[PDB]
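The structure appears below as structure tokens.
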Amino acid sequence: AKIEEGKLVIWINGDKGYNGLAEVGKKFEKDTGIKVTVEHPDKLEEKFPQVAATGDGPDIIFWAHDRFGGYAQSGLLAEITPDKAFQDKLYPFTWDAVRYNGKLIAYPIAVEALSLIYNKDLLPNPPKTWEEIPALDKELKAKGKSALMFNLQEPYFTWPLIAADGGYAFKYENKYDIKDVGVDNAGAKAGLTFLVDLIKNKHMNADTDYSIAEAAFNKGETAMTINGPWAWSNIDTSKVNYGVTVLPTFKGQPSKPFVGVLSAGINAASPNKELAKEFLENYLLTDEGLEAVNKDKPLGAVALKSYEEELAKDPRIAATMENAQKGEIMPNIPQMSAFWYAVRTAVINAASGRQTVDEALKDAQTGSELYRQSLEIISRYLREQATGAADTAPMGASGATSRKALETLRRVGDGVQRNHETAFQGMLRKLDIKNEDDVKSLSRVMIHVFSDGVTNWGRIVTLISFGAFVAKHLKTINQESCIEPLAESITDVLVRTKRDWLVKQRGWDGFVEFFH
Ligand SMILES: COc1cc(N2C[C@@H](C)n3c(c(CCCOc4cc(C)c(Cl)c(C)c4)c4ccc(Cl)c(-c5c(C)nn(C)c5C)c43)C2=O)c2c(cc(C(=O)O)n2C)c1OC
Ligand SMILES: OC[C@H]1O[C@H](O[C@H]2[C@H](O)[C@@H](O)[C@@H](O)O[C@@H]2CO)[C@H](O)[C@@H](O)[C@@H]1O
């Protein structure tokens, strides 16, 4: 659980040009004598947060920018401080994607969007609408072919259709109303229903994954796929005559892909930060570094202006950027992980018939909102307990649940602190909480005490009640500013460790019901 000094270990996804990246790594070694090892582990985006938390993991991690806010919030990423001469070399909007709480937390590499990829020998004129695909499949079935196959196991691929008629993740208005989540509105239902009808009508198969769709397209069995620039390499190898074009419309509106910026972050625990900065700035993020990677697997529209000027002339890149402009740049906020996990489950379940569309997307909504809803409740309870007066500000979206949960919490939590005063007092003294630093350390003890045994609402109340007990203390010793970080810490333990149980209860609505 310690990163070796004097070399660089890099993680990148197995669908990217890791062989090309290693070539850049060989050029680095040739100059510096430093060995660069490139790995592509399965589920690297899930592994990185676990291993980095213990001071382990790679020196550099590559992923789309959406995951990096969560990493940064957890303290896992070194701040990046390029000089102006280096910053000026990349498009300002790519830097924006890797900015979190005012600070740059990675190097942007390339802009990625999904496009429609089509076999020009089977389909000289690709469909402009989703709606015409059923009839097109019927035509192609008569030839022993099919219209469309794409990965149905990852929600990234289905999201453009879900968002077309009005589905959205976190509402953007001045900022991201994390409280306003749009995964179960009429637009999202209409899009996912269209997909589920395609499967029911035998135009697609719920089990199709990345590998199956890729093989089917690259063997000329299906006339269309939906994929990103990284996929073009393998299609070149297959010698399918393909084009890349704008995704189909749904209900007269453009498909709206979530746009990712492939980004390179530096592990906060790396003893090799200067090596990493040197590698990224002066080897990778150059014309020749990016070309080496791009020649292995296309990056998309790269962040480096000098090299993108060349790539932009490619009609596949123009198509990529057209789709991107119709879509939206992903948030990098910490709750994106939870959003993706919820929507993944919803798509799979609706596709398989395990849930209806309405059942599936309702669960997704609950799952995506759970962090913020929980924090509203816990923060307000903590602060009103500590100060003696309630917060007057409006709840917001799903404000009844919040209000009702806080009402219930007050009633059911009243007993608890009195009833367990002695044990709460004893635990308080052993913890010796004095400052914000102490608060940040509590996470481990807290997890431990809330571990094992059973899960029920009473125990959740006990968790939060001790929270309020600590908050009251923090206020009396003039550390009122520590209550909000205490609330965040309790929320994080709750929603992570109890996610599936919470969603099963219909979230905080279950709580209000249970103590009715
Ligand atoms: C093992 O299975 C259990 C355990 C519990 N309990 C009882 C005791 C151990 N307990 C519990 C909590 C809430 C979870 C942790 O809460 C926090 C802890 C820390 C360190 C922080 Cl900083 C914060 C903000 C919250 C307790 C919280 C405080 C104390 Cl002092 C105790 C406690 C008591 C009472 N006696 N002792 C010796 C201690 C250490 C806390 C906790 O989860 C269970 C259940 C089921 C329930 C229930 O139905 O209510 N409870 C409360 C359980 O499953 C069998
Ligand atoms: O499906 C959810 C998944 O979507 C995105 O991951 C993409 C990634 O951006 C692409 O570069 C490519 O590798 O395909 C992935 C989908 O399989 C998000 O970036 C990711 O965080 C999320 O889990």
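By order of appearance in the structure tokens: chains A, B, ..., then residues from 1 within every chain, and ligands from 1 in the order shown.
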List all protein, DNA and RNA residues that have any atom at most 9 Å from ligand 2, counting only C-alpha atoms and all ligand atoms, and write the list as a VMD selection string. chain A and resid 13 to 16 45 63 to 68 112 to 114 151 153 to 159 210 227 to 228 230 258 to 262 330 336 to 337 339 to 341 343 to 344
Enumerate as a PyMOL selection string the residues within 9 Å of ligand 1, counting only C-alpha atoms and all ligand atoms. chain A and resi 419-428+431+433+439+442-471+486-487+489-490
What residues in stretch 94-225 of chain A get the DSSP label helix (DSSP H, G or I)? Please answer as number ranges by chain. A: 94-97, 133-141, 155-164, 186-200, 210-218
Report, in Å to a single decimal, how far apart atom CA of residue A:87 and atom CA of residue A:314 are.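 The value is 25.1 Å.
Proximity of A:238, A:500, A:170, A:266 to residue A:11, computed with only C-alpha atoms, is greatest for A:266.
When only C-alpha atoms are used to measure the gap to residue A:110, the shortest distance among A:147, A:301, A:76, A:22 belongs to A:301.
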When distances are computed from only C-alpha atoms, which of A:440, A:256, A:506, A:498 shows the smallest separation from residue A:75?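 That would be A:440, the residue with the smallest distance to residue A:75.
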Selection near residue A:402, 9 Å with only C-alpha atoms, sequence-local residues under 4 positions removed, as a list in words: residues 373, 374, 376, 377, 395, 396, 398, 406, 407, 508 and 509 of chain A
Considering only C-alpha atoms, state which residue in the set A:23, A:79, A:287, A:42 is at the smallest distance from residue A:267.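 Among the listed residues, the smallest separation from residue A:267 belongs to A:79.
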Compile the contact shell of residue A:193 as a ChimeraX atom specification: residues with an atom at most 10 Å away, counting only C-alpha atoms, same-chain residues fewer than 4 positions apart removed. /A:161-162,187-189,197-199,350-351,356-358
Compile the contact shell of residue A:37 as a PyMOL selection string: residues with an atom at most 12 Å away, counting only C-alpha atoms, same-chain residues fewer than 4 positions apart removed. chain A and resi 4+6-12+18-19+21-26+28-29+58-60
Keeping only C-alpha atoms, take the residues you just selected and write them out as a PDB file, in the first residue's frame.
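New file out_4.pdb:
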```pdb
ATOM      1  CA  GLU A   4       7.149   3.039  -5.675  1.00  0.00           C
ATOM      2  CA  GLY A   6      11.477   6.301  -9.354  1.00  0.00           C
ATOM      3  CA  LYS A   7       9.002   4.950 -11.920  1.00  0.00           C
ATOM      4  CA  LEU A   8       5.514   5.687 -13.288  1.00  0.00           C
ATOM      5  CA  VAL A   9       2.544   3.346 -13.239  1.00  0.00           C
ATOM      6  CA  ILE A  10      -0.386   4.419 -15.430  1.00  0.00           C
ATOM      7  CA  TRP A  11      -3.973   3.118 -15.636  1.00  0.00           C
ATOM      8  CA  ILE A  12      -6.147   3.598 -18.707  1.00  0.00           C
ATOM      9  CA  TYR A  18      -2.781   1.826 -24.222  1.00  0.00           C
ATOM     10  CA  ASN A  19      -0.213   0.354 -26.658  1.00  0.00           C
ATOM     11  CA  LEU A  21       0.557   5.317 -24.644  1.00  0.00           C
ATOM     12  CA  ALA A  22       3.284   2.777 -23.758  1.00  0.00           C
ATOM     13  CA  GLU A  23       5.178   3.969 -26.828  1.00  0.00           C
ATOM     14  CA  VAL A  24       5.153   7.485 -25.386  1.00  0.00           C
ATOM     15  CA  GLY A  25       6.332   5.767 -22.183  1.00  0.00           C
ATOM     16  CA  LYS A  26       9.312   4.264 -24.061  1.00  0.00           C
ATOM     17  CA  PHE A  28      10.129   8.997 -21.781  1.00  0.00           C
ATOM     18  CA  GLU A  29      12.401   6.183 -20.541  1.00  0.00           C
ATOM     19  CA  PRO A  58      -1.141   4.151 -10.070  1.00  0.00           C
ATOM     20  CA  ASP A  59       0.802   7.400 -10.358  1.00  0.00           C
ATOM     21  CA  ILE A  60      -1.544   8.468 -13.169  1.00  0.00           C
TER      22      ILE A  60
END
```
